[PDB]
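Structure first, then comments.
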Amino acid sequence: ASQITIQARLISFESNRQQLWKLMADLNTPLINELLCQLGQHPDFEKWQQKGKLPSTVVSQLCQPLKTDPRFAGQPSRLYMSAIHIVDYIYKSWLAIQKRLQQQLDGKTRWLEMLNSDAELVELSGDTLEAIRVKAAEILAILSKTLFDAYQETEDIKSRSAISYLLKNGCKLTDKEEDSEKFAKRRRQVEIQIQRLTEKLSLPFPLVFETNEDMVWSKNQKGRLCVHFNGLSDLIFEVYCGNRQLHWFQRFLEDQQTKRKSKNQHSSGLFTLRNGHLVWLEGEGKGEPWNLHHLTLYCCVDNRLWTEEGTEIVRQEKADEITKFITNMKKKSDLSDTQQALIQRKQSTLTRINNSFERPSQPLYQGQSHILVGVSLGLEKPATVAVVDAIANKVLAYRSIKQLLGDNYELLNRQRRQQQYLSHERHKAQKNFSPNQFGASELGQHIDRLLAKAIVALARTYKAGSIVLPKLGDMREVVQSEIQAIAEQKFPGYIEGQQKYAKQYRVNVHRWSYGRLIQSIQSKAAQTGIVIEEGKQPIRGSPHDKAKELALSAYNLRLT
RNA sequence: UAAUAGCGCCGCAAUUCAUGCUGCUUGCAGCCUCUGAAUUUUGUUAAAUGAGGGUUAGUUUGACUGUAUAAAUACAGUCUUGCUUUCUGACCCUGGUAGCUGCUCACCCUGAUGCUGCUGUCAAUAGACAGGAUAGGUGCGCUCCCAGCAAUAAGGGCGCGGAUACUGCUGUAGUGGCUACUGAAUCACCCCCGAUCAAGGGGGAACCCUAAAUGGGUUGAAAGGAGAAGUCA
DNA sequence: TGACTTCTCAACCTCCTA
DNA sequence: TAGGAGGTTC
């Protein structure tokens, strides 16, 4: 899985864009709005929230009686299926948050009604917690996924209270056979949250085209690349890309022509194009929306398919997941009419997958993960690295933040200054204020990408097999402890001065964005081929020592 | 006149070290000369930082094929489109006229993450006019500090009216926001005519090659994953 | 507004036209 | 015969 997206503006006639704006802003988004509302008031909605799996076909079923509606008609099949898909996945994320809120409220009402304190536990249930806690401990600690699911399932007052007590007490050899505070705070926090939940119980949507061939490519008489989409072939758009992204688009036309010249003996499905959104960006100025906003294509390209050697890897992934799909469907005896069509399409792909298109030749680097580049995140130094051997105990080479961001350091300093300025402005914004993006930029993202590129390049230089990153959850405790450590480093025991310096430090050296950095490193390493493991950053020590010990802890846990 | 102190940065040291340097002794010995790391420690007649607002489908970071090359990388060949960004420059500016609106003010007192703070010129009024990013303080900034103002922090006091949730003492008066039209730059060696849902076309200069031929070249660089939704603050 | 979190990332088989 | 648009699916 190395999916990446390229983009290119689409230029066409005004009449060619008035059709696309009206078709989408007036008919396709309202279909998504109505499909979202209907999926919410569906009777089975609370059944879905209990699970994480909205049914495969439900969003489609609510759309078939909606395609013929007076206000949702005239949409191309791809436009309709895109809207359905939009409702499934846009409303997917929507109802995911929905069942978080709705089902959390339901559980809080329920836990409030059932879970109780130690005193009420003794009064109603009255079971000795040590005995049942130790029994459950010897049941689970002595595939524990089944046991954790069982804990997730047990809801009776005594059973849920005792199993949660065992889970939160350490579920292990703890000499303190105490702390009814576990389910006490459980019920208390539940009551507070149920109180809260009792009190509180201009751009159209994109066009996801899940089929690669729904975009048909052609070369203009001037040599420019052109696109027209399935369902709208009278609408022709010209690809205004950049030369860096051009070799993808020339690959699209070449790949499509190659399938044509073989009389569809080639499997679109090894295409370097997987799908493509068709969004409208936002323009500055005035005017009818089609003349202001720039239509933009967002093609998702599996970068692994570019090389011929990489294609065989994809050729092996699909030929394995699909031959399993066949066997999974071959055990059933239902033998539906259109089901056998689906069965038919599968063996068609297997036969069509062994016909190779011309792709470049690359000896994909083989990575031995024994080397462990360890990356340490903090406040004073935003990020430091340590290339350390694990079989030995020597550090091959450290690099600090001033040394990974070559010529990008002034960027870090001015980004810290900007993050100070923007935070002061947001605090000054109070509750009533104009939009707070005034003066904001994506300098933080540029730095979080420059840093990931350098870290991965350093890993590749030393043949590193893995890059180790701190768990993002432990990034508030770590920064708080680093502030404390700096405080006692400056003021030894003068507590007043320590607090004052902590305040003044938080004023200037703001918290970094340790989510975009971990995500950008995950993207870059995955693109290059370096697997990423996660360890536990040590609480104290010098940043270089913290990085080295993180890297070693990662290997120690890998040994398990 | 004053900016003390604090806090963050950035050098500059100084020391200790290796991820260095050096030596083979090949994992030890030195060394700090570069490169870093880690302290602390100054703010030099200075080193490096450096935050008023804007302007380019700017340039550079590119693809394929071949060669050298294990690779990188180099070189040659062929192609080239303008996306979204981060810088570095260069340049422009310190806006106007119209409307529509928001807030805040009887009067005190403290003083906020409050506002203001440039150079001349003419006043010395409170404002012009010229300049203009060097712009109160420190090497450089700050919510810190200094100076004025402070009704537009919050709190306290407290006069008269009307009401008996709260009002009035309030002038565009001061500061905001919005829209519409306008002012300048509209760029990447420079200049001119143009495109800007598309368009480039010309004309110079320096330099290099070349004696010399708009003969050719060259006249800043980098990075990519985008959409949607929800939650927290 | 910032920060976080979740999700998204087809494909050949038809029938139709030229 | 060679595309274009629709169809359907866990």
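Residue names in the structure tokens use chain letters A, B, ... in the order shown, residue numbers from 1 in each chain, and ligand numbers from 1 in the order shown.
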
* To do: Could you please select, counting only C-alpha atoms (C1' of nucleotides), the residues of chain D within 8 Å of chain A and state them as a ChimeraX atom specification?
  => /D:4-6,8-10

Please produce an output containing N, CA and C atoms (P, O5', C5', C4', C3', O3' and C1' of nucleotides) for each residue in the selection, written as a compact mmCIF listing (two decimals), in the first residue's frame.
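Saved the output as again36.txt:
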# COMPACT_ATOMS: atom_id res chain seq x y z
P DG D 4 -13.93 6.71 -26.25
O5' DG D 4 -15.39 6.39 -25.68
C5' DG D 4 -16.49 6.25 -26.58
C4' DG D 4 -17.78 6.76 -25.95
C3' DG D 4 -17.65 7.34 -24.56
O3' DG D 4 -18.76 8.19 -24.31
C1' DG D 4 -18.63 5.16 -24.48
P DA D 5 -19.04 8.76 -22.84
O5' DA D 5 -20.02 7.68 -22.18
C5' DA D 5 -21.15 7.19 -22.91
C4' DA D 5 -22.21 6.65 -21.98
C3' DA D 5 -22.06 7.05 -20.52
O3' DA D 5 -23.32 7.54 -19.95
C1' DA D 5 -21.82 4.65 -20.78
P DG D 6 -24.77 6.90 -20.28
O5' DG D 6 -24.65 5.38 -19.78
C5' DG D 6 -24.68 5.09 -18.38
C4' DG D 6 -25.19 3.69 -18.13
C3' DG D 6 -25.43 3.34 -16.67
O3' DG D 6 -26.30 2.23 -16.62
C1' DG D 6 -23.64 2.08 -17.43
P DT D 8 -27.62 -3.40 -12.35
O5' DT D 8 -26.53 -4.11 -11.44
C5' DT D 8 -25.85 -5.30 -11.89
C4' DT D 8 -24.73 -5.66 -10.94
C3' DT D 8 -25.05 -5.50 -9.45
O3' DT D 8 -24.55 -6.63 -8.72
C1' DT D 8 -23.08 -4.32 -9.97
P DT D 9 -25.04 -6.94 -7.20
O5' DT D 9 -24.25 -8.27 -6.80
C5' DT D 9 -22.98 -8.53 -7.37
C4' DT D 9 -21.88 -7.88 -6.57
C3' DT D 9 -22.20 -7.67 -5.09
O3' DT D 9 -21.60 -8.70 -4.31
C1' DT D 9 -20.92 -5.89 -6.07
P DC D 10 -22.40 -9.32 -3.07
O5' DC D 10 -21.45 -10.50 -2.55
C5' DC D 10 -21.10 -10.58 -1.17
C4' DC D 10 -19.72 -9.99 -0.93
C3' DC D 10 -19.41 -9.66 0.53
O3' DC D 10 -18.07 -10.01 0.83
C1' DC D 10 -19.16 -7.73 -0.80

* To do: Using only C-alpha atoms (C1' of nucleotides), determine which residues of chain A fall within 6 Å of chain C; present them as a list in words.
  => residues 93, 210, 211, 300, 345 and 436 of chain A

Residues as selected, N, CA, C and O atoms, written as a CSV table (one decimal), in the first residue's frame, can you do that?
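The file below, part-v3.csv, is the result:
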chain,number,residue,atom,x,y,z
A,93,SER,N,-17.8,8.6,7.6
A,93,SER,CA,-17.1,9.3,8.7
A,93,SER,C,-18.1,10.0,9.6
A,93,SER,O,-18.0,10.1,10.8
A,210,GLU,N,-14.3,5.4,-8.6
A,210,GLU,CA,-13.6,4.3,-8.1
A,210,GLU,C,-13.1,3.4,-9.2
A,210,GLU,O,-12.2,2.6,-8.9
A,211,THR,N,-13.5,3.6,-10.4
A,211,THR,CA,-12.9,2.8,-11.5
A,211,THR,C,-11.9,3.7,-12.2
A,211,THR,O,-12.2,4.9,-12.5
A,300,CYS,N,-5.3,9.2,-7.7
A,300,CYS,CA,-4.6,8.4,-6.7
A,300,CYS,C,-3.9,7.3,-7.5
A,300,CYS,O,-4.5,6.5,-8.1
A,345,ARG,N,-16.2,-12.2,-13.3
A,345,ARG,CA,-15.2,-11.1,-13.4
A,345,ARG,C,-13.9,-11.4,-12.7
A,345,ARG,O,-12.8,-10.9,-13.1
A,436,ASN,N,-9.7,33.2,12.2
A,436,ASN,CA,-8.4,33.3,12.9
A,436,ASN,C,-7.2,32.9,12.0
A,436,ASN,O,-6.1,32.9,12.4

Residues of chain B within 6 Å of chain A, counting only C-alpha atoms (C1' of nucleotides), what are they? List them as a PDB file with N, CA and C atoms (P, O5', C5', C4', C3', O3' and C1' of nucleotides), in the first residue's frame.
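Output file part14.pdb is given in full below:
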ATOM      1  P     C B   7      15.599  34.200  32.995  1.00  0.00           P
ATOM      2  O5'   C B   7      14.700  33.423  31.939  1.00  0.00           O
ATOM      3  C5'   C B   7      13.278  33.332  32.119  1.00  0.00           C
ATOM      4  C4'   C B   7      12.574  33.540  30.802  1.00  0.00           C
ATOM      5  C3'   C B   7      13.327  33.081  29.572  1.00  0.00           C
ATOM      6  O3'   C B   7      13.207  31.684  29.386  1.00  0.00           O
ATOM      7  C1'   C B   7      12.303  35.168  29.153  1.00  0.00           C
ATOM      8  P     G B   8      14.384  30.894  28.684  1.00  0.00           P
ATOM      9  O5'   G B   8      14.189  31.205  27.123  1.00  0.00           O
ATOM     10  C5'   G B   8      13.240  30.422  26.365  1.00  0.00           C
ATOM     11  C4'   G B   8      13.078  31.041  25.002  1.00  0.00           C
ATOM     12  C3'   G B   8      14.307  31.005  24.094  1.00  0.00           C
ATOM     13  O3'   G B   8      14.427  29.753  23.438  1.00  0.00           O
ATOM     14  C1'   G B   8      13.279  33.139  24.002  1.00  0.00           C
ATOM     15  P     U B  19      30.459   9.055  19.120  1.00  0.00           P
ATOM     16  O5'   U B  19      29.576   9.008  17.795  1.00  0.00           O
ATOM     17  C5'   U B  19      30.029   8.324  16.617  1.00  0.00           C
ATOM     18  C4'   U B  19      29.903   9.220  15.408  1.00  0.00           C
ATOM     19  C3'   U B  19      31.079  10.164  15.153  1.00  0.00           C
ATOM     20  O3'   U B  19      31.344  10.186  13.761  1.00  0.00           O
ATOM     21  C1'   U B  19      29.073  11.367  15.096  1.00  0.00           C
ATOM     22  P     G B  62      15.385  16.934  -9.274  1.00  0.00           P
ATOM     23  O5'   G B  62      14.160  17.377 -10.222  1.00  0.00           O
ATOM     24  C5'   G B  62      12.883  16.726 -10.020  1.00  0.00           C
ATOM     25  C4'   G B  62      12.190  16.450 -11.333  1.00  0.00           C
ATOM     26  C3'   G B  62      12.608  15.205 -12.112  1.00  0.00           C
ATOM     27  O3'   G B  62      12.119  13.986 -11.577  1.00  0.00           O
ATOM     28  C1'   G B  62      12.008  17.007 -13.551  1.00  0.00           C
ATOM     29  P     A B  63      12.817  12.619 -11.989  1.00  0.00           P
ATOM     30  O5'   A B  63      12.134  12.267 -13.379  1.00  0.00           O
ATOM     31  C5'   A B  63      10.791  11.777 -13.424  1.00  0.00           C
ATOM     32  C4'   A B  63      10.399  11.500 -14.847  1.00  0.00           C
ATOM     33  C3'   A B  63      11.310  10.539 -15.588  1.00  0.00           C
ATOM     34  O3'   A B  63      10.957   9.202 -15.298  1.00  0.00           O
ATOM     35  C1'   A B  63      10.866  12.404 -16.953  1.00  0.00           C
ATOM     36  P     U B  80       8.212  18.779 -25.773  1.00  0.00           P
ATOM     37  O5'   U B  80       8.053  19.194 -24.246  1.00  0.00           O
ATOM     38  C5'   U B  80       6.986  18.679 -23.428  1.00  0.00           C
ATOM     39  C4'   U B  80       7.158  19.179 -22.020  1.00  0.00           C
ATOM     40  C3'   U B  80       7.265  20.688 -21.895  1.00  0.00           C
ATOM     41  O3'   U B  80       5.976  21.269 -21.767  1.00  0.00           O
ATOM     42  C1'   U B  80       8.997  19.654 -20.647  1.00  0.00           C
ATOM     43  P     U B  81       5.774  22.832 -22.003  1.00  0.00           P
ATOM     44  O5'   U B  81       5.605  23.407 -20.531  1.00  0.00           O
ATOM     45  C5'   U B  81       4.521  24.298 -20.222  1.00  0.00           C
ATOM     46  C4'   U B  81       3.929  23.949 -18.881  1.00  0.00           C
ATOM     47  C3'   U B  81       4.743  22.961 -18.054  1.00  0.00           C
ATOM     48  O3'   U B  81       4.611  23.222 -16.669  1.00  0.00           O
ATOM     49  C1'   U B  81       2.596  22.082 -18.439  1.00  0.00           C
ATOM     50  P     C B  83       0.787  26.838 -11.452  1.00  0.00           P
ATOM     51  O5'   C B  83       0.185  25.388 -11.201  1.00  0.00           O
ATOM     52  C5'   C B  83      -1.233  25.203 -11.113  1.00  0.00           C
ATOM     53  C4'   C B  83      -1.545  24.018 -10.240  1.00  0.00           C
ATOM     54  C3'   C B  83      -1.165  24.168  -8.779  1.00  0.00           C
ATOM     55  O3'   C B  83      -2.242  24.751  -8.065  1.00  0.00           O
ATOM     56  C1'   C B  83      -0.362  22.106  -9.596  1.00  0.00           C
ATOM     57  P     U B  86       3.955  28.670   2.037  1.00  0.00           P
ATOM     58  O5'   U B  86       5.443  28.315   2.473  1.00  0.00           O
ATOM     59  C5'   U B  86       5.716  27.172   3.294  1.00  0.00           C
ATOM     60  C4'   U B  86       7.201  27.036   3.480  1.00  0.00           C
ATOM     61  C3'   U B  86       7.964  28.341   3.370  1.00  0.00           C
ATOM     62  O3'   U B  86       8.049  29.049   4.590  1.00  0.00           O
ATOM     63  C1'   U B  86       8.987  26.736   1.992  1.00  0.00           C
ATOM     64  P     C B 197      -7.706  32.984 -16.409  1.00  0.00           P
ATOM     65  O5'   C B 197      -8.271  32.249 -17.701  1.00  0.00           O
ATOM     66  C5'   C B 197      -7.477  31.261 -18.367  1.00  0.00           C
ATOM     67  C4'   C B 197      -8.298  30.034 -18.665  1.00  0.00           C
ATOM     68  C3'   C B 197      -9.552  30.265 -19.501  1.00  0.00           C
ATOM     69  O3'   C B 197      -9.693  29.188 -20.423  1.00  0.00           O
ATOM     70  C1'   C B 197     -10.121  29.171 -17.495  1.00  0.00           C
ATOM     71  P     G B 225       3.684  12.912  -0.245  1.00  0.00           P
ATOM     72  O5'   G B 225       2.177  12.873  -0.818  1.00  0.00           O
ATOM     73  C5'   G B 225       1.861  13.634  -2.009  1.00  0.00           C
ATOM     74  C4'   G B 225       0.480  14.225  -1.880  1.00  0.00           C
ATOM     75  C3'   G B 225       0.295  15.349  -0.845  1.00  0.00           C
ATOM     76  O3'   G B 225      -0.812  16.205  -1.132  1.00  0.00           O
ATOM     77  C1'   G B 225      -0.899  13.466  -0.180  1.00  0.00           C
ATOM     78  P     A B 228     -12.551  19.575   1.591  1.00  0.00           P
ATOM     79  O5'   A B 228     -13.606  18.601   2.270  1.00  0.00           O
ATOM     80  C5'   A B 228     -14.650  18.025   1.503  1.00  0.00           C
ATOM     81  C4'   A B 228     -15.205  16.791   2.165  1.00  0.00           C
ATOM     82  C3'   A B 228     -15.489  16.908   3.651  1.00  0.00           C
ATOM     83  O3'   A B 228     -16.700  17.583   3.930  1.00  0.00           O
ATOM     84  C1'   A B 228     -14.358  14.883   3.228  1.00  0.00           C
ATOM     85  P     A B 229     -16.766  18.643   5.135  1.00  0.00           P
ATOM     86  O5'   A B 229     -17.107  17.749   6.407  1.00  0.00           O
ATOM     87  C5'   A B 229     -18.281  16.954   6.430  1.00  0.00           C
ATOM     88  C4'   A B 229     -18.123  15.740   7.309  1.00  0.00           C
ATOM     89  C3'   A B 229     -17.831  16.009   8.773  1.00  0.00           C
ATOM     90  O3'   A B 229     -18.988  16.364   9.507  1.00  0.00           O
ATOM     91  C1'   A B 229     -16.368  14.340   7.986  1.00  0.00           C
ATOM     92  P     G B 230     -18.939  17.596  10.537  1.00  0.00           P
ATOM     93  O5'   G B 230     -18.657  16.902  11.942  1.00  0.00           O
ATOM     94  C5'   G B 230     -19.364  15.730  12.324  1.00  0.00           C
ATOM     95  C4'   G B 230     -18.513  14.830  13.184  1.00  0.00           C
ATOM     96  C3'   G B 230     -17.916  15.474  14.425  1.00  0.00           C
ATOM     97  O3'   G B 230     -18.829  15.536  15.504  1.00  0.00           O
ATOM     98  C1'   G B 230     -16.237  14.272  13.280  1.00  0.00           C
TER      99        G B 230
END

* To do: Determine which residues of segment 127-348 of chain A DSSP labels as strand (DSSP E) from the backbone of this structure, then write them out as a count of residues only.
  => 35

* Name the residues of segment 311-421 of chain A that fall into alpha helix (DSSP H) according to DSSP on the backbone, using the chain letters and numbers of this document, as a ChimeraX atom specification. => /A:311-330,337-353,401-404,409-421

* To do: Give me the residues within 10 Å of segment 304-319 of chain A as a PyMOL selection string, counting only C-alpha atoms (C1' of nucleotides) and dropping any in the same chain fewer than 5 places off.
  => chain A and resi 1-4+247-248+251+269-273+324-325+346-347+349-351+353-364+527

Set the distance at 12 Å and use only C-alpha atoms (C1' of nucleotides): which residues neighbour residue 378 of chain A once local chain neighbours fewer than 5 positions away are removed? I'd like the list as a JSON list (two decimals) with N, CA, C and O atoms, in the first residue's frame.
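Output saved as part.json:
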[["chain", "number", "residue", "atom", "x", "y", "z"],
["A", 383, "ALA", "N", 13.16, 17.78, 17.36],
["A", 383, "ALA", "CA", 13.39, 16.40, 16.94],
["A", 383, "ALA", "C", 14.88, 16.13, 16.83],
["A", 383, "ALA", "O", 15.62, 16.94, 16.26],
["A", 384, "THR", "N", 15.31, 14.99, 17.34],
["A", 384, "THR", "CA", 16.68, 14.52, 17.23],
["A", 384, "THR", "C", 16.68, 13.04, 16.87],
["A", 384, "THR", "O", 15.73, 12.31, 17.16],
["A", 385, "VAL", "N", 17.76, 12.58, 16.23],
["A", 385, "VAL", "CA", 17.85, 11.22, 15.72],
["A", 385, "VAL", "C", 19.14, 10.58, 16.21],
["A", 385, "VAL", "O", 20.06, 11.28, 16.63],
["A", 400, "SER", "N", 21.20, 16.32, 15.12],
["A", 400, "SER", "CA", 20.28, 17.16, 15.87],
["A", 400, "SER", "C", 19.39, 17.93, 14.91],
["A", 400, "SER", "O", 19.52, 17.84, 13.69],
["A", 401, "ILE", "N", 18.47, 18.71, 15.48],
["A", 401, "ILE", "CA", 17.50, 19.43, 14.66],
["A", 401, "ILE", "C", 18.17, 20.47, 13.78],
["A", 401, "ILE", "O", 17.73, 20.68, 12.64],
["A", 469, "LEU", "N", 9.75, 5.61, 16.17],
["A", 469, "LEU", "CA", 9.14, 6.86, 16.58],
["A", 469, "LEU", "C", 8.43, 6.70, 17.92],
["A", 469, "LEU", "O", 7.93, 5.62, 18.24],
["A", 470, "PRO", "N", 8.38, 7.77, 18.72],
["A", 470, "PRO", "CA", 7.64, 7.71, 19.99],
["A", 470, "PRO", "C", 6.15, 7.57, 19.73],
["A", 470, "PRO", "O", 5.64, 8.08, 18.73],
["A", 472, "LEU", "N", 2.48, 8.53, 19.83],
["A", 472, "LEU", "CA", 1.94, 9.89, 19.86],
["A", 472, "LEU", "C", 1.17, 10.15, 21.14],
["A", 472, "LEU", "O", 1.11, 11.29, 21.62],
["A", 474, "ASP", "N", 1.95, 9.32, 24.17],
["A", 474, "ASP", "CA", 2.91, 9.82, 25.14],
["A", 474, "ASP", "C", 3.67, 11.02, 24.60],
["A", 474, "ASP", "O", 4.90, 11.02, 24.52],
["A", 475, "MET", "N", 2.94, 12.06, 24.22],
["A", 475, "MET", "CA", 3.56, 13.30, 23.75],
["A", 475, "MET", "C", 3.09, 14.52, 24.53],
["A", 475, "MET", "O", 3.57, 15.62, 24.28],
["A", 476, "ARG", "N", 2.15, 14.34, 25.46],
["A", 476, "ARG", "CA", 1.84, 15.37, 26.44],
["A", 476, "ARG", "C", 2.65, 15.17, 27.72],
["A", 476, "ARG", "O", 3.22, 16.12, 28.25],
["A", 477, "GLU", "N", 2.72, 13.93, 28.20],
["A", 477, "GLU", "CA", 3.54, 13.63, 29.36],
["A", 477, "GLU", "C", 5.01, 13.94, 29.08],
["A", 477, "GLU", "O", 5.71, 14.48, 29.93],
["A", 478, "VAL", "N", 5.48, 13.60, 27.87],
["A", 478, "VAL", "CA", 6.88, 13.83, 27.54],
["A", 478, "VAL", "C", 7.21, 15.32, 27.53],
["A", 478, "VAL", "O", 8.23, 15.74, 28.08],
["A", 479, "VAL", "N", 6.35, 16.14, 26.92],
["A", 479, "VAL", "CA", 6.64, 17.56, 26.86],
["A", 479, "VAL", "C", 6.52, 18.19, 28.25],
["A", 479, "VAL", "O", 7.31, 19.07, 28.61],
["A", 480, "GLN", "N", 5.56, 17.74, 29.05],
["A", 480, "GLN", "CA", 5.45, 18.26, 30.41],
["A", 480, "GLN", "C", 6.69, 17.92, 31.23],
["A", 480, "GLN", "O", 7.24, 18.78, 31.93],
["A", 481, "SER", "N", 7.15, 16.67, 31.13],
["A", 481, "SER", "CA", 8.36, 16.28, 31.84],
["A", 481, "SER", "C", 9.59, 17.01, 31.33],
["A", 481, "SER", "O", 10.47, 17.32, 32.13],
["A", 482, "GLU", "N", 9.66, 17.30, 30.03],
["A", 482, "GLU", "CA", 10.79, 18.06, 29.52],
["A", 482, "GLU", "C", 10.78, 19.49, 30.05],
["A", 482, "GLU", "O", 11.84, 20.03, 30.39],
["A", 483, "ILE", "N", 9.60, 20.11, 30.11],
["A", 483, "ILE", "CA", 9.51, 21.44, 30.70],
["A", 483, "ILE", "C", 9.97, 21.40, 32.15],
["A", 483, "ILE", "O", 10.73, 22.27, 32.60],
["A", 485, "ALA", "N", 12.03, 19.25, 33.53],
["A", 485, "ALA", "CA", 13.47, 19.00, 33.57],
["A", 485, "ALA", "C", 14.25, 20.27, 33.29],
["A", 485, "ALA", "O", 15.23, 20.57, 33.97],
["A", 486, "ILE", "N", 13.81, 21.04, 32.29],
["A", 486, "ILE", "CA", 14.47, 22.31, 32.00],
["A", 486, "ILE", "C", 14.34, 23.26, 33.18],
["A", 486, "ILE", "O", 15.27, 23.99, 33.53],
["A", 509, "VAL", "N", 8.59, 29.01, 23.72],
["A", 509, "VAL", "CA", 8.77, 27.75, 23.01],
["A", 509, "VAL", "C", 7.46, 26.97, 23.05],
["A", 509, "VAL", "O", 7.23, 26.18, 23.96],
["A", 510, "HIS", "N", 6.62, 27.18, 22.05],
["A", 510, "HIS", "CA", 5.33, 26.52, 22.02],
["A", 510, "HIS", "C", 5.49, 25.04, 21.70],
["A", 510, "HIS", "O", 6.52, 24.58, 21.20],
["A", 511, "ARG", "N", 4.44, 24.28, 22.00],
["A", 511, "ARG", "CA", 4.42, 22.86, 21.68],
["A", 511, "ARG", "C", 4.49, 22.66, 20.18],
["A", 511, "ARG", "O", 3.81, 23.34, 19.41],
["A", 512, "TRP", "N", 5.32, 21.72, 19.75],
["A", 512, "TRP", "CA", 5.43, 21.37, 18.34],
["A", 512, "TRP", "C", 4.16, 20.64, 17.92],
["A", 512, "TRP", "O", 3.26, 20.39, 18.72],
["A", 513, "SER", "N", 4.07, 20.28, 16.64],
["A", 513, "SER", "CA", 2.94, 19.53, 16.11],
["A", 513, "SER", "C", 3.43, 18.11, 15.88],
["A", 513, "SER", "O", 3.84, 17.75, 14.77],
["A", 514, "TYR", "N", 3.36, 17.28, 16.92],
["A", 514, "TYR", "CA", 3.90, 15.93, 16.88],
["A", 514, "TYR", "C", 2.95, 14.94, 16.22],
["A", 514, "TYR", "O", 3.15, 13.73, 16.35],
["A", 517, "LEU", "N", 4.25, 15.47, 12.09],
["A", 517, "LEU", "CA", 5.59, 14.91, 11.94],
["A", 517, "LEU", "C", 5.59, 13.39, 11.91],
["A", 517, "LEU", "O", 6.23, 12.80, 11.04],
["A", 537, "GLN", "N", 9.71, 6.55, 24.60],
["A", 537, "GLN", "CA", 10.76, 7.52, 24.81],
["A", 537, "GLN", "C", 11.09, 7.64, 26.29],
["A", 537, "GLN", "O", 10.18, 7.75, 27.12],
["A", 538, "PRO", "N", 12.37, 7.60, 26.67],
["A", 538, "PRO", "CA", 12.72, 7.73, 28.09],
["A", 538, "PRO", "C", 12.33, 9.09, 28.63],
["A", 538, "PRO", "O", 12.27, 10.08, 27.90],
["A", 539, "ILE", "N", 12.05, 9.12, 29.93],
["A", 539, "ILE", "CA", 11.53, 10.34, 30.56],
["A", 539, "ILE", "C", 12.60, 11.43, 30.58],
["A", 539, "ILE", "O", 12.33, 12.59, 30.24],
["A", 540, "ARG", "N", 13.82, 11.08, 30.99],
["A", 540, "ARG", "CA", 14.86, 12.09, 31.14],
["A", 540, "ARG", "C", 16.14, 11.71, 30.40],
["A", 540, "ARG", "O", 16.17, 10.71, 29.68],
["A", 541, "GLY", "N", 17.18, 12.50, 30.59],
["A", 541, "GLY", "CA", 18.43, 12.35, 29.86],
["A", 541, "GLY", "C", 18.56, 13.36, 28.74],
["A", 541, "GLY", "O", 17.62, 14.07, 28.37],
["A", 542, "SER", "N", 19.77, 13.42, 28.19],
["A", 542, "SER", "CA", 20.01, 14.33, 27.08],
["A", 542, "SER", "C", 19.25, 13.85, 25.84],
["A", 542, "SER", "O", 18.98, 12.66, 25.69],
["A", 543, "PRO", "N", 18.89, 14.77, 24.94],
["A", 543, "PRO", "CA", 18.12, 14.37, 23.75],
["A", 543, "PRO", "C", 18.79, 13.28, 22.94],
["A", 543, "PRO", "O", 18.11, 12.37, 22.45],
["A", 544, "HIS", "N", 20.12, 13.33, 22.79],
["A", 544, "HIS", "CA", 20.82, 12.25, 22.12],
["A", 544, "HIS", "C", 20.70, 10.94, 22.88],
["A", 544, "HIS", "O", 20.46, 9.90, 22.27],
["A", 546, "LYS", "N", 18.25, 10.19, 24.97],
["A", 546, "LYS", "CA", 16.86, 9.77, 24.84],
["A", 546, "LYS", "C", 16.63, 9.07, 23.51],
["A", 546, "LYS", "O", 15.97, 8.03, 23.46],
["A", 547, "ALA", "N", 17.18, 9.61, 22.42],
["A", 547, "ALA", "CA", 17.03, 8.97, 21.12],
["A", 547, "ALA", "C", 17.68, 7.60, 21.10],
["A", 547, "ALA", "O", 17.08, 6.63, 20.62]]

* **Selected residue, from B:69, B:145, B:35, B:184, that lies nearest to residue 93 of chain B when counting only C-alpha atoms (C1' of nucleotides)** => B:184

* Who sits within 12 Å of residue 366 of chain A, only C-alpha atoms (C1' of nucleotides), same chain under 2 positions skipped, as a PyMOL selection string -> chain A and resi 362-364+368-369+460+463-465+528-531

* To do: Tell me, as number ranges by chain, which residues lie within 10 Å of residue 264 of chain A, counting only C-alpha atoms (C1' of nucleotides); anything in the same chain fewer than 5 positions away does not count.
  => A: 256-259, 352; C: 12
